[PDB]
């Protein structure tokens, strides 16, 4: 047991109403919108295949020249009400918004820098408009914040001198000022999701990460804070040097979700996966033919997978410079919304069921102990294997959409064959189980 001043604060999962709401939401959208949407992955005639929001880095553009894109920031088609309607129709219960990305351009009129929406042709407080519009649709708003900031020369990647330590301290004050500004301007914020926190400078200032968490929690009652923010006394990130999760939930799994057999440890804490539609484009990229683009069923699979293991899932959008969404993203949102409207009782406010994974798909557990089978891979056997934990029996199976009764056959102790429906549903579908636990 290593003594730590700046390690974990929560003992197990938070169970206050704000955390329960964060968890029960389950399905979110991400918005990555900033100056990078203007070039859209192209600089000086070269299209770069790397993530579009990192174009400043790929094309080696100096800060002064990158930030002159503010002169072209004029999203004529932007309408916060339309963005919120799109999220509602998709079935998303919360939206995470890039307040400021690594480029340092702020989507709110910060009083602490000139690189903000106020100093563009458009002028308006985009962040504020979105907060209002989403909240008006009953959608929670979370703030993405990049600590790393390419626009501020006080940022340091590492601390190799007293001068660096002084400059970086000033940088951390500036960061605190922006954070407090966001928390006091937009008090309905429910979460702060940090990125750009991997550098040695931040790792050497674990105290600051703990302070930022505490500062925001005093300003915004019940706010959630992601693990990615946090480094302990030894520089260890996400989980402290004693293996304990820092912040309120684990933020990770952008590349690959937790394995449903080998990574059951994640059911012990709150967690959230965030996902791109292409392989690795968060901001707007003009050419989606450069990498694999996920289909709606592939995204739906990921969403259910997350919930089945006790986690949230957030689907990313990278709006066009004009303030509208590309057609592929409108199609995705509509497709997800259709399926969610039919089958969402197996997603919203659901959790890990504690059953052994089977090949046909995933289990999820509802708040009244409903066990939902979400079937993605239809067996030629016409039988869905259900192995129950000790003391649990399956009493009935019902097709969620129609209420039709589904045959259940016991094959051996604690194992059943659940029949597939009489008519193939032709899409991923749900069977709801009634289970009983012995005394």
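Numbering follows the first chain given and starts at 1. In this text, rigid core is short for the largest set of C-alphas that superpose within 1.5 Å between two forms.
Enquirer: Quick one: with the core lined up, is it 89-97 or 161-169 that wanders further in 7 other deposited structures of this protein, going by C-alpha RMS?
Expert: Output: 161-169, the stretch lying farther off on average in 7 other deposited structures of this protein.
Enquirer: Comparing C-alpha positions in 7 other deposited structures of this protein against this form, with the rigid core used for the fit, which stretch differs more, 140-148 or 255-263?
Expert: The stretch that sits farther from the shown form in 7 other deposited structures of this protein is 255-263.
Enquirer: Which wins on mean Cα temperature factor, 87-95 or 148-156?
Expert: Per the deposited B-factors, the answer is 148-156.
Enquirer: Once you work out the mean C-alpha B-factor for both 131-139 and 356-364 from the entry, which is higher?
Expert: Taking the mean B-factor of the alpha carbons in each, 131-139 is higher.
Enquirer: Specify which of 166, 350, 274, 304 carries the largest Cα B factor in the deposited PDB entry.
Expert: Of the candidates given, the C-alpha B-factor peaks at 166.
Enquirer: Report the option among 28, 62, 34, 379 whose CA atom has the maximum B-factor in the deposited record.
Expert: Going by the entry's C-alpha B-factors, 62 comes out highest.
Enquirer: Taking the values exactly as deposited, rank residue 422 by C-alpha B-factor within its chain and report the matching third: lowest, middle or highest.
Expert: Highest third, going by the recorded CA B-factors of the chain.
Enquirer: Hey, what third does residue 342 fall into on Cα B-factor, ranked over its chain?
Expert: Answer is lowest: the recorded C-alpha B-factor places it there.
Enquirer: What third of its chain, lowest, middle or highest, does the C-alpha temperature factor of residue 288 fall into?
Expert: Middle third of the chain for residue 288's C-alpha B-factor.
Enquirer: Ordered by C-alpha B-factor within the chain, which third holds residue 335? Give me lowest, middle or highest, please.
Expert: Lowest third, going by the recorded CA B-factors of the chain.
Enquirer: Quick check on the deposited entry: does the C-alpha B-factor of residue 126 sit in the lowest, middle or highest third of its chain?
Expert: Its C-alpha B-factor, which the entry lists for residue 126, ranks in the middle third among residues of this chain.
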